[PDB]
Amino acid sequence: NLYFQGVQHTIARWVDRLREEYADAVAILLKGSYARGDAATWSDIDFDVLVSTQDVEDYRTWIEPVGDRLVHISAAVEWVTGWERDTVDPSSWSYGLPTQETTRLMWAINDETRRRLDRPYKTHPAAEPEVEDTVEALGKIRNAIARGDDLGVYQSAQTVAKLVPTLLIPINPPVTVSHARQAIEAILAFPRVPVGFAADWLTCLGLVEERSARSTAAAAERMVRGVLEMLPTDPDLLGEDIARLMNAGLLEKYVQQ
């Protein structure tokens, strides 16, 4: 645990080093595990270096000694305006959940940049519901079952499990997450889910010790049917054609035929 003090010193030391290196820098922020305070042995030191130069996107890596160990350091160098702007795009690592991308401002070039970038996180909105593609992936599962392709079953079930949260988010209390592992935690904790959710979702994701093509296909059939019957038929939320088809009973008829 004296490793951790050497890392904190490495972080402080790197901030000044990054400044010296990037004349176009306007702000330097700590990200990831060390910004959250939950780092462990193999955690990386993660920096964003925001610059004034437009269209810049580069990725730096260092391996540096801390006592008798080496630590991995990384920096994403990015145009400041591009970095601020991506707050309107959903994260790709949260299964569609809205996110709080943890930031700790280390340095900023002036007062106004300081005031603007001194926030505990950068937000991202939820990914939109994908009813149609969830239903298609169930179709792929059924096709793979019919032809005896277990691997195809497992693959398509992952697609169903990756998409289902986009359906469950709107009918659950608002929750955000700050990192990938926590996304699994928030989803598993959703108060409003169909019967069997926890085990079914992990089976379909493939994050279990034991399953079969039969049990996996079964989990997906339960989940899709259970979730669709819980969804409000709102055209702005789900899409006009989708809500219409659900209200007409056509989507149900299709799935159950």
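We number the residues from 1 along the sequence you see.
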Seminar exercise, completed: Mean B factor on CA atoms, stretches 152-160 and 77-85, record says higher is 77-85
For this session: Identify the stretch, either 106-114 or 162-170, whose C-alpha atoms have the larger mean B-factor according to the entry.
Result: 106-114
Seminar exercise, completed: Assert third(CA B-factor, residue 176) within chain per record equals highest
Seminar exercise, completed: By the entry's values, the third containing the CA B factor of residue 196 is the lowest
Exercise. Ranked by Cα temperature factor within the chain, is residue 229 in the lowest third, the middle third or the highest third?
Worked result: middle
Seminar exercise, completed: residue 46: CA B-factor among chain residues, third -> lowest
Problem set entry | residue 135 by Cα B-factor - lowest, middle or highest third of the modelled chain | middle
